[PDB]
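Engineer: Contents are mmCIF, C-alpha atoms and all ligand atoms; file name model-v1.cif:
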data_final
#
loop_
_atom_site.label_atom_id
_atom_site.label_comp_id
_atom_site.auth_asym_id
_atom_site.auth_seq_id
_atom_site.Cartn_x
_atom_site.Cartn_y
_atom_site.Cartn_z
CA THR A 17 186.87 92.61 -98.43
CA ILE A 18 184.08 94.06 -96.27
CA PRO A 19 181.29 91.57 -95.46
CA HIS A 20 177.82 92.67 -96.52
CA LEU A 21 175.02 91.79 -94.11
CA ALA A 22 171.25 92.03 -94.51
CA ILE A 23 170.62 92.52 -90.78
CA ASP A 24 168.28 95.45 -90.14
CA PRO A 25 169.31 96.94 -86.76
CA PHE A 26 166.15 99.09 -86.76
CA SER A 27 163.64 96.26 -87.26
CA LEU A 28 161.29 95.15 -84.50
CA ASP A 29 162.78 91.65 -84.67
CA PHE A 30 166.22 93.09 -83.89
CA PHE A 31 164.85 95.23 -81.04
CA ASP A 32 163.14 92.22 -79.46
CA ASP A 33 166.48 90.40 -79.15
CA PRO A 34 169.56 92.20 -80.53
CA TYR A 35 172.31 90.18 -78.86
CA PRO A 36 172.64 87.24 -81.32
CA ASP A 37 172.75 89.63 -84.29
CA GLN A 38 175.26 91.79 -82.42
CA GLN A 39 177.63 88.84 -82.09
CA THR A 40 177.08 88.13 -85.79
CA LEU A 41 178.00 91.75 -86.55
CA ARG A 42 181.05 91.60 -84.27
CA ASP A 43 182.32 88.27 -85.62
CA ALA A 44 181.79 89.11 -89.30
CA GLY A 45 184.69 91.57 -89.10
CA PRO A 46 185.81 94.86 -87.56
CA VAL A 47 183.89 96.78 -90.26
CA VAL A 48 180.72 95.58 -91.99
CA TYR A 49 178.40 97.04 -94.62
CA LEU A 50 174.65 97.00 -93.96
CA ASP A 51 172.90 96.61 -97.33
CA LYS A 52 169.48 97.43 -95.85
CA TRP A 53 170.40 101.09 -95.27
CA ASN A 54 173.69 101.52 -97.23
CA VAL A 55 175.83 102.35 -94.19
CA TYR A 56 179.00 101.02 -92.65
CA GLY A 57 178.78 99.35 -89.25
CA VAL A 58 181.20 98.79 -86.39
CA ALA A 59 180.13 96.56 -83.50
CA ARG A 60 183.37 95.73 -81.65
CA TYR A 61 184.59 97.82 -78.74
CA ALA A 62 187.90 98.72 -80.40
CA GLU A 63 186.40 100.23 -83.56
CA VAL A 64 183.49 101.93 -81.76
CA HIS A 65 185.97 103.56 -79.38
CA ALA A 66 188.28 104.55 -82.24
CA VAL A 67 185.46 106.18 -84.23
CA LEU A 68 184.15 108.07 -81.18
CA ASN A 69 187.62 109.48 -80.46
CA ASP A 70 188.29 110.69 -84.04
CA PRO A 71 185.76 113.53 -84.42
CA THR A 72 187.71 115.15 -87.27
CA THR A 73 187.37 112.10 -89.52
CA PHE A 74 184.01 110.87 -88.16
CA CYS A 75 182.10 114.12 -87.76
CA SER A 76 178.76 114.87 -86.11
CA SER A 77 177.75 118.06 -87.96
CA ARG A 78 176.32 116.04 -90.85
CA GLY A 79 173.97 114.39 -88.34
CA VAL A 80 174.29 111.56 -85.81
CA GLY A 81 171.28 109.80 -87.32
CA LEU A 82 170.97 108.02 -90.64
CA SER A 83 170.13 111.27 -92.43
CA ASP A 84 173.07 113.15 -93.96
CA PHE A 85 172.51 116.86 -93.31
CA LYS A 86 174.52 117.63 -96.45
CA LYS A 87 171.88 115.73 -98.47
CA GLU A 88 168.61 116.12 -96.52
CA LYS A 89 167.04 118.80 -94.37
CA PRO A 90 167.14 118.04 -90.62
CA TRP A 91 163.70 117.46 -89.17
CA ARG A 92 164.42 120.21 -86.61
CA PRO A 93 167.11 122.91 -86.35
CA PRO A 94 170.38 121.13 -85.55
CA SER A 95 171.51 120.88 -81.96
CA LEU A 96 174.27 123.37 -81.15
CA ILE A 97 176.21 120.68 -79.23
CA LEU A 98 175.24 117.17 -80.37
CA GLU A 99 175.20 117.97 -84.10
CA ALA A 100 178.22 120.30 -84.08
CA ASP A 101 181.94 119.67 -84.53
CA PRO A 102 184.93 121.45 -82.99
CA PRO A 103 185.44 124.35 -82.81
CA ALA A 104 181.74 125.32 -83.00
CA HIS A 105 180.98 122.54 -80.50
CA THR A 106 183.53 123.72 -77.94
CA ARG A 107 181.97 126.77 -76.31
CA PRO A 108 178.36 125.47 -76.11
CA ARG A 109 179.80 122.27 -74.63
CA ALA A 110 181.66 124.32 -72.02
CA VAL A 111 178.46 126.10 -70.97
CA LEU A 112 176.52 122.86 -70.53
CA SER A 113 179.58 121.43 -68.76
CA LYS A 114 179.37 124.34 -66.30
CA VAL A 115 175.58 124.14 -65.89
CA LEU A 116 175.58 120.39 -65.07
CA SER A 117 178.88 120.59 -63.18
CA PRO A 118 180.18 118.71 -60.13
CA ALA A 119 179.46 121.86 -58.12
CA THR A 120 175.86 121.95 -59.36
CA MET A 121 175.25 118.35 -58.27
CA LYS A 122 175.92 119.47 -54.69
CA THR A 123 172.96 121.86 -54.88
CA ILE A 124 170.46 119.22 -56.06
CA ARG A 125 171.66 115.96 -54.47
CA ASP A 126 169.70 116.22 -51.21
CA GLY A 127 166.40 116.93 -52.96
CA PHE A 128 167.07 114.20 -55.51
CA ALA A 129 167.86 111.66 -52.79
CA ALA A 130 164.83 112.63 -50.69
CA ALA A 131 162.53 112.23 -53.69
CA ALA A 132 164.03 108.80 -54.41
CA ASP A 133 163.48 107.64 -50.82
CA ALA A 134 159.94 109.04 -50.89
CA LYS A 135 159.06 107.21 -54.11
CA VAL A 136 160.33 103.85 -52.83
CA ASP A 137 158.39 104.32 -49.57
CA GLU A 138 155.28 105.14 -51.62
CA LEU A 139 155.74 102.12 -53.89
CA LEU A 140 156.29 99.79 -50.92
CA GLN A 141 152.84 100.78 -49.63
CA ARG A 142 151.32 99.52 -52.89
CA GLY A 143 153.41 96.34 -53.07
CA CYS A 144 152.76 95.32 -56.67
CA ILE A 145 153.79 98.12 -59.04
CA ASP A 146 154.93 98.73 -62.60
CA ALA A 147 158.65 99.46 -62.26
CA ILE A 148 158.56 101.43 -65.53
CA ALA A 149 155.56 103.76 -65.20
CA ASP A 150 155.56 103.91 -61.39
CA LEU A 151 159.33 104.05 -60.77
CA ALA A 152 161.61 104.33 -63.80
CA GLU A 153 159.40 107.02 -65.35
CA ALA A 154 157.86 108.54 -62.22
CA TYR A 155 161.09 109.34 -60.38
CA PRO A 156 162.94 111.29 -63.14
CA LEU A 157 159.70 113.16 -63.84
CA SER A 158 159.55 114.10 -60.14
CA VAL A 159 163.03 115.71 -60.02
CA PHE A 160 164.31 116.69 -63.47
CA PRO A 161 161.57 119.07 -64.75
CA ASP A 162 161.77 120.95 -61.45
CA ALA A 163 165.57 121.08 -61.71
CA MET A 164 165.16 122.50 -65.23
CA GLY A 165 162.85 125.22 -63.92
CA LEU A 166 159.86 124.12 -66.00
CA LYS A 167 156.32 125.12 -65.14
CA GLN A 168 153.79 122.44 -64.24
CA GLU A 169 151.46 122.62 -67.25
CA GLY A 170 152.55 120.81 -70.39
CA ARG A 171 154.94 118.34 -68.74
CA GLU A 172 153.03 115.52 -70.44
CA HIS A 173 154.82 116.59 -73.66
CA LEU A 174 158.27 115.73 -72.26
CA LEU A 175 158.22 111.94 -72.65
CA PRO A 176 156.70 112.03 -76.19
CA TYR A 177 159.22 114.64 -77.36
CA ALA A 178 162.12 112.60 -75.96
CA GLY A 179 160.92 109.47 -77.74
CA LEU A 180 160.43 111.47 -80.93
CA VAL A 181 163.99 112.83 -80.84
CA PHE A 182 165.51 109.36 -80.61
CA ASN A 183 163.15 107.81 -83.16
CA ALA A 184 164.18 110.57 -85.58
CA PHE A 185 167.82 109.46 -85.47
CA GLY A 186 166.65 106.26 -87.13
CA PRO A 187 166.03 105.40 -90.75
CA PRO A 188 162.83 106.51 -92.48
CA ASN A 189 160.88 103.51 -91.21
CA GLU A 190 157.38 103.44 -89.71
CA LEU A 191 158.67 104.26 -86.21
CA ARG A 192 160.30 107.46 -87.46
CA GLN A 193 157.50 108.54 -89.79
CA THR A 194 154.70 108.21 -87.24
CA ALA A 195 156.77 109.97 -84.57
CA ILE A 196 157.36 113.01 -86.79
CA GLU A 197 153.72 112.91 -87.92
CA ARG A 198 152.54 113.45 -84.33
CA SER A 199 155.35 115.84 -83.38
CA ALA A 200 153.91 119.34 -83.91
CA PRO A 201 152.32 119.84 -80.44
CA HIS A 202 155.41 118.49 -78.66
CA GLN A 203 157.79 120.72 -80.62
CA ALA A 204 155.61 123.77 -79.91
CA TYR A 205 155.65 123.13 -76.16
CA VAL A 206 159.39 122.41 -75.97
CA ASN A 207 160.43 125.41 -78.07
CA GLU A 208 158.29 127.76 -75.98
CA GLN A 209 159.72 126.54 -72.66
CA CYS A 210 163.22 127.30 -73.99
CA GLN A 211 162.57 131.05 -73.81
CA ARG A 212 164.12 132.80 -70.81
CA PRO A 213 160.88 134.06 -69.15
CA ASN A 214 159.53 130.48 -68.94
CA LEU A 215 162.46 129.07 -66.91
CA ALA A 216 162.31 129.44 -63.13
CA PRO A 217 165.28 131.16 -61.45
CA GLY A 218 168.04 128.89 -60.17
CA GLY A 219 167.20 126.03 -62.53
CA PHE A 220 169.23 124.57 -65.38
CA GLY A 221 167.40 126.56 -68.05
CA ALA A 222 167.85 129.90 -66.29
CA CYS A 223 171.53 129.08 -65.75
CA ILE A 224 172.04 128.48 -69.48
CA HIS A 225 170.56 131.89 -70.27
CA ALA A 226 172.78 133.41 -67.57
CA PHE A 227 175.91 132.30 -69.44
CA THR A 228 174.95 134.48 -72.41
CA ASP A 229 176.85 137.49 -71.03
CA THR A 230 180.21 135.69 -70.73
CA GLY A 231 181.03 135.48 -74.44
CA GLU A 232 180.71 131.69 -74.53
CA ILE A 233 177.21 131.77 -76.06
CA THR A 234 175.00 134.58 -77.28
CA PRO A 235 171.40 135.14 -76.12
CA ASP A 236 170.03 133.76 -79.39
CA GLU A 237 171.93 130.49 -78.77
CA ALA A 238 170.44 129.85 -75.32
CA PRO A 239 166.98 128.56 -76.41
CA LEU A 240 168.50 125.79 -78.53
CA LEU A 241 170.88 124.82 -75.71
CA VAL A 242 167.92 124.55 -73.33
CA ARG A 243 166.28 122.41 -76.02
CA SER A 244 169.18 119.97 -75.67
CA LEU A 245 168.35 119.41 -71.99
CA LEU A 246 164.68 118.85 -72.92
CA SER A 247 165.65 116.37 -75.67
CA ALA A 248 168.30 114.30 -73.87
CA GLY A 249 168.38 112.94 -70.36
CA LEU A 250 164.81 111.82 -69.73
CA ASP A 251 164.32 108.65 -71.78
CA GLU A 252 167.88 107.36 -71.30
CA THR A 253 167.71 107.78 -67.51
CA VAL A 254 164.24 106.21 -67.43
CA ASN A 255 165.51 103.24 -69.44
CA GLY A 256 168.70 102.97 -67.39
CA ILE A 257 166.80 102.95 -64.10
CA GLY A 258 164.26 100.43 -65.39
CA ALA A 259 167.14 98.27 -66.60
CA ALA A 260 168.77 98.38 -63.17
CA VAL A 261 165.52 97.25 -61.54
CA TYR A 262 165.11 94.49 -64.13
CA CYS A 263 168.66 93.28 -63.46
CA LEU A 264 168.22 93.32 -59.68
CA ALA A 265 165.07 91.26 -60.26
CA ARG A 266 166.69 88.81 -62.70
CA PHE A 267 169.96 88.60 -60.69
CA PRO A 268 168.78 88.33 -57.06
CA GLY A 269 172.32 87.62 -55.86
CA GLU A 270 173.32 91.12 -56.97
CA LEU A 271 170.41 92.72 -55.10
CA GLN A 272 171.60 90.88 -51.99
CA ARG A 273 175.13 92.21 -52.49
CA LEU A 274 173.77 95.72 -53.03
CA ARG A 275 171.66 95.48 -49.86
CA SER A 276 174.74 94.42 -47.89
CA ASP A 277 176.75 97.43 -49.16
CA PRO A 278 174.52 100.29 -50.35
CA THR A 279 177.64 102.26 -51.32
CA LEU A 280 177.73 100.00 -54.39
CA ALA A 281 174.65 101.88 -55.64
CA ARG A 282 176.59 104.17 -57.97
CA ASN A 283 178.53 101.35 -59.62
CA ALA A 284 175.39 99.19 -59.73
CA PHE A 285 173.77 101.86 -61.90
CA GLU A 286 176.90 102.29 -64.04
CA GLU A 287 176.92 98.54 -64.67
CA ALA A 288 173.25 98.74 -65.63
CA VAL A 289 174.16 101.45 -68.15
CA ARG A 290 176.81 99.16 -69.63
CA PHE A 291 174.62 96.04 -69.48
CA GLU A 292 171.55 97.65 -71.08
CA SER A 293 173.08 100.64 -72.93
CA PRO A 294 169.94 102.80 -73.13
CA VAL A 295 171.41 104.49 -76.22
CA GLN A 296 172.02 101.49 -78.49
CA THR A 297 173.33 103.13 -81.68
CA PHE A 298 174.13 106.36 -83.45
CA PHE A 299 176.02 107.52 -86.52
CA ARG A 300 179.01 109.52 -87.66
CA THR A 301 179.81 110.74 -91.18
CA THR A 302 183.26 110.39 -92.73
CA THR A 303 184.89 113.65 -93.83
CA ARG A 304 187.59 111.89 -95.87
CA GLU A 305 188.65 108.50 -97.14
CA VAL A 306 189.61 106.59 -94.00
CA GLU A 307 191.16 103.20 -93.24
CA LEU A 308 189.33 101.44 -90.40
CA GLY A 309 189.69 97.74 -89.64
CA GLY A 310 191.38 97.01 -92.96
CA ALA A 311 188.40 98.72 -94.64
CA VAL A 312 188.71 101.71 -96.98
CA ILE A 313 185.66 103.86 -96.21
CA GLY A 314 185.11 106.70 -98.65
CA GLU A 315 184.26 110.30 -97.91
CA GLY A 316 180.70 111.21 -96.98
CA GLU A 317 179.75 107.75 -95.69
CA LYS A 318 177.52 107.08 -92.70
CA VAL A 319 179.09 104.87 -90.01
CA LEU A 320 176.77 103.15 -87.54
CA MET A 321 178.26 102.48 -84.09
CA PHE A 322 176.74 99.73 -81.93
CA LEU A 323 177.26 101.06 -78.40
CA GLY A 324 175.46 98.20 -76.67
CA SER A 325 177.44 95.66 -78.68
CA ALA A 326 180.72 97.37 -77.79
CA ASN A 327 179.67 97.13 -74.13
CA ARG A 328 179.18 93.35 -74.51
CA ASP A 329 182.25 92.63 -76.67
CA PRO A 330 184.11 89.62 -75.18
CA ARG A 331 187.31 91.03 -76.71
CA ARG A 332 186.99 93.76 -74.06
CA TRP A 333 184.80 92.40 -71.23
CA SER A 334 185.03 89.25 -69.14
CA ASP A 335 181.58 87.65 -68.94
CA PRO A 336 179.94 90.57 -70.77
CA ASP A 337 176.43 89.09 -70.54
CA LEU A 338 176.53 89.03 -66.72
CA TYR A 339 175.29 91.85 -64.49
CA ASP A 340 178.04 92.41 -61.90
CA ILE A 341 177.70 95.44 -59.61
CA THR A 342 181.38 95.21 -58.61
CA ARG A 343 182.68 95.10 -62.19
CA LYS A 344 185.28 97.66 -63.22
CA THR A 345 182.97 99.51 -65.61
CA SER A 346 185.41 102.29 -66.54
CA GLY A 347 185.78 102.47 -70.31
CA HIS A 348 182.24 101.44 -71.27
CA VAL A 349 180.75 103.55 -74.05
CA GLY A 350 177.21 103.76 -72.67
CA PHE A 351 177.75 107.52 -72.29
CA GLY A 352 179.89 107.75 -75.42
CA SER A 353 183.57 108.65 -75.41
CA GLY A 354 185.64 111.69 -76.30
CA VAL A 355 184.59 115.28 -76.97
CA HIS A 356 180.86 114.46 -77.12
CA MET A 357 180.81 112.14 -74.10
CA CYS A 358 177.46 112.73 -72.39
CA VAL A 359 177.64 116.15 -70.74
CA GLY A 360 174.71 115.23 -68.49
CA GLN A 361 176.35 112.07 -67.15
CA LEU A 362 176.62 113.49 -63.63
CA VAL A 363 172.85 114.11 -63.53
CA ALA A 364 172.13 110.61 -64.83
CA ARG A 365 174.51 108.99 -62.35
CA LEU A 366 173.03 111.05 -59.51
CA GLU A 367 169.45 110.00 -60.32
CA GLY A 368 170.43 106.36 -60.77
CA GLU A 369 172.59 106.23 -57.64
CA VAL A 370 170.06 107.70 -55.21
CA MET A 371 167.27 105.49 -56.57
CA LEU A 372 169.34 102.31 -56.28
CA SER A 373 170.43 103.52 -52.84
CA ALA A 374 166.81 103.81 -51.71
CA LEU A 375 166.09 100.32 -53.04
CA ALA A 376 169.19 98.92 -51.32
CA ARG A 377 168.12 100.30 -47.93
CA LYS A 378 164.34 99.72 -48.05
CA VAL A 379 163.68 96.65 -50.23
CA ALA A 380 164.34 92.99 -49.43
CA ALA A 381 163.20 91.38 -52.69
CA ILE A 382 162.15 92.37 -56.21
CA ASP A 383 160.10 89.69 -57.98
CA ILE A 384 158.64 89.93 -61.48
CA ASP A 385 154.94 89.10 -61.14
CA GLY A 386 153.54 89.95 -64.57
CA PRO A 387 154.12 90.05 -68.32
CA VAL A 388 157.23 92.04 -69.23
CA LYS A 389 156.75 94.28 -72.28
CA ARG A 390 159.49 95.88 -74.37
CA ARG A 391 159.43 99.50 -75.56
CA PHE A 392 160.48 99.96 -79.19
CA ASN A 393 162.56 102.90 -80.41
CA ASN A 394 164.97 103.35 -83.31
CA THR A 395 167.75 104.46 -80.95
CA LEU A 396 166.76 103.53 -77.38
CA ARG A 397 166.54 100.16 -75.62
CA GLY A 398 164.21 99.88 -72.65
CA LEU A 399 161.11 98.27 -71.23
CA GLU A 400 157.50 99.40 -71.61
CA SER A 401 156.17 97.59 -68.53
CA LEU A 402 157.92 95.75 -65.67
CA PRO A 403 155.40 94.38 -63.15
CA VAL A 404 157.24 93.66 -59.89
CA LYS A 405 156.36 92.90 -56.29
CA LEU A 406 158.49 94.88 -53.82
CA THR A 407 159.09 93.19 -50.46
CA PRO A 408 160.02 95.63 -47.67
CA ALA A 409 163.28 95.08 -45.81
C1 LIG B 1 171.68 106.80 -68.51
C2 LIG B 1 171.59 108.06 -68.94
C3 LIG B 1 172.24 108.61 -70.24
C4 LIG B 1 172.82 107.96 -71.27
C5 LIG B 1 172.97 106.43 -71.48
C6 LIG B 1 173.28 108.95 -72.22
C7 LIG B 1 173.92 108.71 -73.42
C8 LIG B 1 174.59 109.66 -74.17
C9 LIG B 1 175.55 109.39 -75.22
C10 LIG B 1 176.00 107.99 -75.69
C11 LIG B 1 175.98 110.56 -75.71
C12 LIG B 1 177.02 110.71 -76.85
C13 LIG B 1 176.38 111.29 -78.11
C14 LIG B 1 177.36 111.26 -79.25
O1 LIG B 1 178.54 110.91 -79.03
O2 LIG B 1 176.95 111.59 -80.40
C15 LIG B 1 175.30 111.62 -74.99
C16 LIG B 1 175.45 112.98 -75.17
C17 LIG B 1 174.69 113.96 -74.55
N1 LIG B 1 173.86 113.78 -73.46
FE1 LIG B 1 173.48 112.01 -72.52
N2 LIG B 1 172.97 110.20 -71.72
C18 LIG B 1 172.34 110.03 -70.51
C19 LIG B 1 171.89 111.04 -69.69
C20 LIG B 1 171.86 112.38 -70.01
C21 LIG B 1 171.38 113.44 -69.14
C22 LIG B 1 170.81 113.19 -67.73
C23 LIG B 1 171.51 114.60 -69.81
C24 LIG B 1 171.16 116.05 -69.36
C25 LIG B 1 170.74 116.39 -68.14
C26 LIG B 1 172.10 114.30 -71.11
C27 LIG B 1 172.40 115.21 -72.10
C28 LIG B 1 173.29 115.00 -73.14
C29 LIG B 1 173.79 115.98 -74.08
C30 LIG B 1 173.42 117.48 -74.12
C31 LIG B 1 174.62 115.36 -74.92
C32 LIG B 1 175.40 116.01 -76.08
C33 LIG B 1 176.83 116.20 -75.58
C34 LIG B 1 177.77 116.59 -76.69
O3 LIG B 1 177.38 116.46 -77.88
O4 LIG B 1 178.90 117.05 -76.37
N3 LIG B 1 172.30 112.94 -71.19
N4 LIG B 1 174.46 111.03 -74.05
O1 LIG B 2 169.34 117.88 -78.55
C1 LIG B 2 170.48 117.46 -78.21
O2 LIG B 2 171.47 118.24 -78.19
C2 LIG B 2 170.67 116.00 -77.82
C3 LIG B 2 169.65 115.09 -78.04
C4 LIG B 2 169.83 113.76 -77.69
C5 LIG B 2 171.03 113.36 -77.12
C6 LIG B 2 171.24 111.91 -76.72
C7 LIG B 2 171.91 111.12 -77.85
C8 LIG B 2 171.54 111.33 -79.17
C9 LIG B 2 172.15 110.61 -80.18
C10 LIG B 2 173.13 109.69 -79.86
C11 LIG B 2 173.49 109.47 -78.54
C12 LIG B 2 172.88 110.19 -77.53
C13 LIG B 2 172.05 114.28 -76.90
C14 LIG B 2 171.86 115.60 -77.25
CL CL B 3 161.66 120.87 -81.63
#
Mind converting the file's structure to structure tokens?
Structural biologist:
Amino acid sequence: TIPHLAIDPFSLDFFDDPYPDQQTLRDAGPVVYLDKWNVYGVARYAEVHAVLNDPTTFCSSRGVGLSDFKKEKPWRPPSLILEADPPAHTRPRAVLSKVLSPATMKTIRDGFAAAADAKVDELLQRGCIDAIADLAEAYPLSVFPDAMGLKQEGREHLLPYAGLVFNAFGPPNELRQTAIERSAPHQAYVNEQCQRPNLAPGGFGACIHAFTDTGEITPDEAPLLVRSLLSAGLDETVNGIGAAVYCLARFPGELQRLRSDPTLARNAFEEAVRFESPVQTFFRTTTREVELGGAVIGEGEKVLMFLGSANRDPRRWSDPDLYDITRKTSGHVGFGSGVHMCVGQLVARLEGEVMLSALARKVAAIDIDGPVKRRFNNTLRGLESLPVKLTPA
């Protein structure tokens, strides 16, 4: 009843161009079986959304990667929020929801916006830049580690550790094995910065430790919660920003619309998150026999969700392959959906908005003027290099 496909969604061929195989996965049926890794797959919006919003049946505590924590040892101590189910997930989630809250965004928005304007002004003096290294990577690195309260030394570990985390969600392929092989120095840095004395007052990390006297988390839980904010947030925001720049370069009519109304900056970034989906895939594990899409999935089975495919499903989106900064993007699963829906989404939207705002006000044209190179990751989609010429407005 369930079609079996040999598509490897973690192969370099798939990463280079996933969209034809994603239609093949969508059109084969609501539920497929991937023989390469012995997992179930769902690539349509309806089933991805249904799985995300049933955390009791499709749990996260057995891992959101390929590895089943009931069968294998996690490569690092499990996250207290990402790899936890209700009710254990609830109170750590509440703390992070209060640390990265709407009220907290008010305290950081002016400095985030000023740094975005300053970076665009700096890049416009150079003219020809790499929109990945010099913009998509440089800007988050210029605001987020300071907002965390991290010291200056050792920040070069942040990008490798982020890429390692997302590669480790993948299958035991070469990308995952080499990442873990080189991981020891990055883990040692990250774990040490999670201790309370190493987090500057007023920052995100110090605020997490401050919640330890409320009864929501204990002091021994705070280091691992800080680790969450040093694992997530960087690479996805970098890829989302680089994707927005790539789209404004490939779709010049949308840059012109954004220039004419810079208040479209926030939705322009949200559409880039849907269009690119920096987090392409992750897993759930069934806790019981479940009926999904006419399929009887047994207990203890890994289910692979294709977030980027769900965000391009023509059953849900009109013209899904078009970048439209005025599209009604509400309902996209680029940040997930349900109880685990990205708790840092306000930080990501703030960074993306103020960067696209600076571009909208200061830049007249964005033209690719060099070879575009893709960055390969088991979980993340994004570019490695995006040579562009920025024309001042
Ligand atoms: C464009 C930027 C981002 C994207 C596309 C993204 C994507 C996602 C997705 C899809 C999930 C759901 C995970 C799941 O359901 O298993 C998630 C969760 C999470 N994200 Fe993000 N994220 C982004 C930015 C950030 C930022 C800026 C932060 C922190 C400052 C962050 C921290 C987290 C955390 C801690 C979780 C776990 C939440 C939970 O399990 O309840 N993310 N993210
Ligand atoms: O260490 C953590 O708690 C943590 C790490 C990464 C992420 C981002 C993500 C991971 C897998 C699937 C979708 C998104 C969230 C939380
Ligand atoms: Cl670690």
Engineer: Mind pulling up the distance from CA of residue 397 in chain A to CA of residue 61 in chain A?
Structural biologist: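 Separation between CA of residue 61 in chain A and CA of residue 397 in chain A: 18.5 Å.
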Engineer: Which polymer residues have any atom within 7 Å of an atom of range 310-319 of chain A, counting all atoms listed in the file, with same-chain residues fewer than 5 positions away left out, as a ChimeraX atom specification?
Structural biologist: /A:18,47,55-57,82,299-305
Engineer: With all atoms listed in the file as the atoms that count, which of A:328, A:142, A:282, A:92 lies nearest to ligand CL 3 (chain B)?
Structural biologist: A:92
Engineer: Please build the interface table for range 374-395 of chain A against range 236-251 of chain A with a cut-off of 12 Å, listing for each qualifying residue the nearest atom pair and the distance in Å to one decimal; count only C-alpha atoms, order rows by chain and increasing number, and write it as a tab-separated table.
Structural biologist:
residue	atom	partner	partner_atom	distance
A:391	CA	A:251	CA	11.0
A:393	CA	A:251	CA	10.5
A:395	CA	A:251	CA	10.6
Engineer: Next, the residues of the selection above should be written as a PDB file, in the frame of the given file with C-alpha atoms.
Structural biologist:
ATOM      1  CA  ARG A 391     159.430  99.500 -75.560  1.00  0.00           C
ATOM      2  CA  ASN A 393     162.560 102.900 -80.410  1.00  0.00           C
ATOM      3  CA  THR A 395     167.750 104.460 -80.950  1.00  0.00           C
TER       4      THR A 395
END
Engineer: Would you please work out which residue, of A:362, A:231, A:290, A:90, is nearest to residue 117 in chain A when using all atoms listed in the file?
Structural biologist: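 For residue 117 in chain A, the nearest of the given residues is A:362.
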Engineer: Could you report the residues within 8 Å of ligand CL 3 (chain B), using only C-alpha atoms and all ligand atoms, as a ChimeraX atom specification?
Structural biologist: /A:92-93,177,202-204,206-207,243
Engineer: State, in Å with one decimal place, the distance from atom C8 of ligand LIG 2 (chain B) to CA of residue 85 in chain A.
Structural biologist: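 Result for atom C8 of ligand LIG 2 (chain B) versus CA of residue 85 in chain A: 15.2 Å, one decimal.
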Engineer: Take CA of residue 175 in chain A and CA of residue 136 in chain A and report the distance between them in Å, one decimal.
Structural biologist: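 So the answer is 21.5 Å.
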Engineer: Check every protein, DNA and RNA residue against ligand LIG 1 (chain B), keep those with an atom at most 8 Å away (counting all atoms listed in the file), and present them as JSON, numbers by chain.
Structural biologist: {"A": [68, 76, 80, 97, 98, 99, 100, 105, 109, 112, 116, 160, 241, 244, 245, 246, 247, 248, 249, 250, 251, 252, 253, 254, 255, 256, 257, 289, 293, 294, 295, 298, 299, 300, 323, 349, 350, 351, 352, 353, 354, 355, 356, 357, 358, 359, 360, 361, 362, 363, 364, 365, 368]}
Engineer: Taking only C-alpha atoms and all ligand atoms into account, name the residue in A:233, A:341, A:210, A:178 that is nearest to ligand LIG 2 (chain B).
Structural biologist: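 Of A:233, A:341, A:210, A:178, the one nearest ligand LIG 2 (chain B), counting only C-alpha atoms and all ligand atoms, is A:178.
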Engineer: Of the candidates A:108, A:217, A:347, A:176, which shows the shortest atom-to-atom distance to ligand LIG 2 (chain B), using all atoms listed in the file?
Structural biologist: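 Closest to ligand LIG 2 (chain B) of all the choices is A:108.
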Engineer: Could you check which of A:182, A:392, A:220, A:285 is closest to ligand LIG 2 (chain B), using all atoms listed in the file?
Structural biologist: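 Ranked by minimum distance to ligand LIG 2 (chain B), first place goes to A:182.
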Engineer: For residue 48 in chain A, list every protein, DNA or RNA residue within 10 Å, evaluated using only C-alpha atoms, and leave out those in the same chain fewer than 3 positions away; present the list as an NGL selection string.
Structural biologist: :A and (17-21 or 41-45 or 51 or 55-59 or 309 or 311 or 319-320)
Engineer: Keeping only C-alpha atoms, write the selected residues as an mmCIF file, in the frame of the given file.
Structural biologist:
data_model
loop_
_atom_site.group_PDB
_atom_site.id
_atom_site.type_symbol
_atom_site.label_atom_id
_atom_site.label_comp_id
_atom_site.auth_asym_id
_atom_site.auth_seq_id
_atom_site.Cartn_x
_atom_site.Cartn_y
_atom_site.Cartn_z
ATOM 1 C CA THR A 17 186.870 92.610 -98.430
ATOM 2 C CA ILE A 18 184.080 94.060 -96.270
ATOM 3 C CA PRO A 19 181.290 91.570 -95.460
ATOM 4 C CA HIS A 20 177.820 92.670 -96.520
ATOM 5 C CA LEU A 21 175.020 91.790 -94.110
ATOM 6 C CA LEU A 41 178.000 91.750 -86.550
ATOM 7 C CA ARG A 42 181.050 91.600 -84.270
ATOM 8 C CA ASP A 43 182.320 88.270 -85.620
ATOM 9 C CA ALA A 44 181.790 89.110 -89.300
ATOM 10 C CA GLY A 45 184.690 91.570 -89.100
ATOM 11 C CA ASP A 51 172.900 96.610 -97.330
ATOM 12 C CA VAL A 55 175.830 102.350 -94.190
ATOM 13 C CA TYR A 56 179.000 101.020 -92.650
ATOM 14 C CA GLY A 57 178.780 99.350 -89.250
ATOM 15 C CA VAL A 58 181.200 98.790 -86.390
ATOM 16 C CA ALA A 59 180.130 96.560 -83.500
ATOM 17 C CA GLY A 309 189.690 97.740 -89.640
ATOM 18 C CA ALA A 311 188.400 98.720 -94.640
ATOM 19 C CA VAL A 319 179.090 104.870 -90.010
ATOM 20 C CA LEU A 320 176.770 103.150 -87.540
#
Engineer: Please provide as an NGL selection string all residues within 10 Å of residue 378 in chain A, with the sequence filter that same-chain residues fewer than 4 positions apart are discarded (counting all atoms listed in the file).
Structural biologist: :A and (133 or 136-137 or 140 or 275 or 372-374 or 406-409)
